[PDB]
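Shown here is one chain on its own, the form deposited in one PDB entry, set out as structure tokens.
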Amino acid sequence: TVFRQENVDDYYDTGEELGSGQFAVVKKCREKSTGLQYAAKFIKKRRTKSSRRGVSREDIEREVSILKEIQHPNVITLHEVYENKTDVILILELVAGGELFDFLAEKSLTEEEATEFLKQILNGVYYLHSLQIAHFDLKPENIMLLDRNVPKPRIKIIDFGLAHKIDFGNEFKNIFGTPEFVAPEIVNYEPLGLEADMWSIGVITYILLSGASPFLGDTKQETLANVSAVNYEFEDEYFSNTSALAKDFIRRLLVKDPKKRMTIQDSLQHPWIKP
């Protein structure tokens, strides 16, 4: 699939940089014809077949095709796609309130503050999983707020760069996600499905309530070894006033066997969440 090949700078002006990764940079932008503001994600293309730099066209097209399907209050919306010889440029909904990660560093959350965020995450993941879309990269960095100066900020899931459609209940690919948040089946190079996202939500919930990462080691290999062995515990120093039911929710997500892990529907019916 080909994208718009006119120069993006003829239709948008860019501003503040919003974020920067190995193969992409995101810049605030403004559409000249409407004054409306967006986030432009510039993805570096691969320059040869065998190269390891840049993102393969297959991977870029997969992300675009997923973004084109989704429309939900808790997921980013895609506006337009441009390309040139160097980059594919996704014009995405602007989410300007900052990361859940950075907002976390400002303060641990109470269970009410945590569940208010978590319920929005669960609602977005429920929508995705309903469409058989696995995100495969859920982590505080990919959860951003629309406005961080309200008592109950609204969140959006960003970054569909690892997301896959799961038409057969599992996909057999490598997911090089972030060690602290990937499920044991990713660490072990196993077939992957929607369950991997539910493990990541369990990790996110642990961090939201405690300020601490449950599997984090001193090196990436230690973190990955801890994930595979399900080597975590609730430290009393961090969890002593956290309810048992919040711990129960986490414990039913941080389950090695994906078949025994809570699904997204289970998580919404769990007594800690269900109203």
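So that there is no doubt, residue numbering starts at 1 and follows the sequence shown. Whichever C-alpha set is largest while still superposing within 1.5 Å between the two forms counts as the rigid core.
Interresidue gap class [residue 107, residue 108; deposited sequence, unmodelled]: Unresolved stretch here: 1 to 3 residues.
Pick between 155 to 163 and 180 to 188: the one whose mean CA B-factor in the entry is higher. Between 155 to 163 and 180 to 188, it is 155 to 163.
I need to verify one thing: averaged over C-alpha atoms only, is the B-factor higher for 113 to 121 or for 130 to 138? Higher mean C-alpha B-factor: 113 to 121.
Criterion, highest CA B-factor; candidates, 80, 147, 93, 83: If I rank 80, 147, 93, 83 by C-alpha B-factor, first place goes to 147.
Identify, among 74, 200, 170, 174, the residue whose C-alpha carries the highest B-factor in the deposited PDB entry. Answer for 74, 200, 170, 174: 174, with the highest C-alpha B-factor.
Give the position of residue 61 by CA B-factor within its chain, expressed as the lowest, middle or highest third. Lowest third.
How does residue 260 rank on Cα B-factor within its chain, lowest, middle or highest third? Tercile = middle for this residue's CA B-factor.
Comparing residue 240 with the other modelled residues of its chain, is its CA B-factor in the lowest, middle or highest third? Highest third - that is where residue 240 ends up once the chain's C-alpha B-factors are sorted.
Among modelled residues of the same chain, the CA temperature factor third for residue 233: For residue 233, the deposited C-alpha B-factor lands in the lowest third.
Quick one: classify residue 102 as lowest, middle or highest third of the chain based on its Cα B-factor. It belongs to the highest third of the chain when residues are ordered by C-alpha B-factor.
Same protein, other form: the form deposited in another entry, not shown, and the subject of what follows.
Core-aligned C-alpha movement of residue 170 between the shown form and the other one, 2 Å or more: It does shift by 2 Å or more.
Note yes or no: does the Cα of residue 150 move by 2 Å or more between the shown form and the other one after the core is superposed? Comparing forms between the shown form and the other one, the residue 150 CA shifts at least 2 Å.
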